[PDB]
Amino acid sequence: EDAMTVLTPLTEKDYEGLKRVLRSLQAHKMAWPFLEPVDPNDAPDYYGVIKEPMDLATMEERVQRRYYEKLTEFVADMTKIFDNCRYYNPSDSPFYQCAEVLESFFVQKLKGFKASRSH
Ligand SMILES: CC(=O)NCCc1ccc(S(N)(=O)=O)cc1
């Protein structure tokens, strides 16, 4: 990551862009596994093997409360969603596939956001 991403505080204008990025991911057809926390009734061992769970509803709460101070912190929570999924599930599962697709989409949107901060 470049210096602006790591070190520039998130302004109010930056926060309007983060809200838009988040809503775009929540509207994607392959985001269904990630919208809410993993349900322990459907995966009884999940919370014993994933030490730092993350999901898009937790990220929305954090955006609304202005939790993030730097773009790097927002990117780290999003990346945790996809990394947790690829560690828990096998490479041939539909869950793993959805992580591949949605991370590519996130990177496209993140590049757009970064371009809009500066010019
Ligand atoms: C985001 C994410 O990784 N969700 C996985 C949810 C999930 C994984 C596995 C199963 S099982 N035990 O039926 O094979 C159920 C649900």
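Both ligands and their constituent atoms are indexed starting at 1 by order of listing. Only this structure's heavy atoms are used, side chains among them; waters, hydrogens and symmetry mates stay out. The first residue in the sequence is number 1, and the count goes up from there.
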Suppose we measure from atom 1 (C) of ligand 1 to each protein heavy atom; which comes out shortest, and what is that distance? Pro33 O, 3.6 Å

Mind checking whether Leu35 and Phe106 sit in one hydrophobic cluster, side chains of I, L, V, M, F, W, Y counted as touching below 4.5 Å? yes

Measure the distance from atom 9 (C) of ligand 1 to every protein heavy atom, then report the residue, atom name and distance (to 0.1 Å) of the closest one. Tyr88 CE2, 4.0 Å

Between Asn89 and ligand 1, does any nitrogen or oxygen pair lie at a separation below 3.5 Å? yes

Among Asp39, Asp42, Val38, which one has a heavy atom closest to atom 11 (S) of ligand 1? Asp42

Note the single closest protein heavy atom to atom 7 (C) of ligand 1, along with its residue, its atom name and the distance in Å. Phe95 CZ, 3.6 Å

Do the charged groups of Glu16 and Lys19 touch, with an N to O distance under 4.0 Å? yes

Can you name the one residue among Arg117, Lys109, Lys111 that meets side-chain contact (heavy atoms from CB on, under 4.5 Å) with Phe113? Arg117

I'd like to know if atom 14 (O) of ligand 1 has any protein heavy atom within a distance of less than 4.0 Å. no

Under 3.5 Å side-chain donor-acceptor pair for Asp77 and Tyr67: no

Are side-chain N/O atoms of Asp83 and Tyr88 paired as donor and acceptor at under 3.5 Å? no

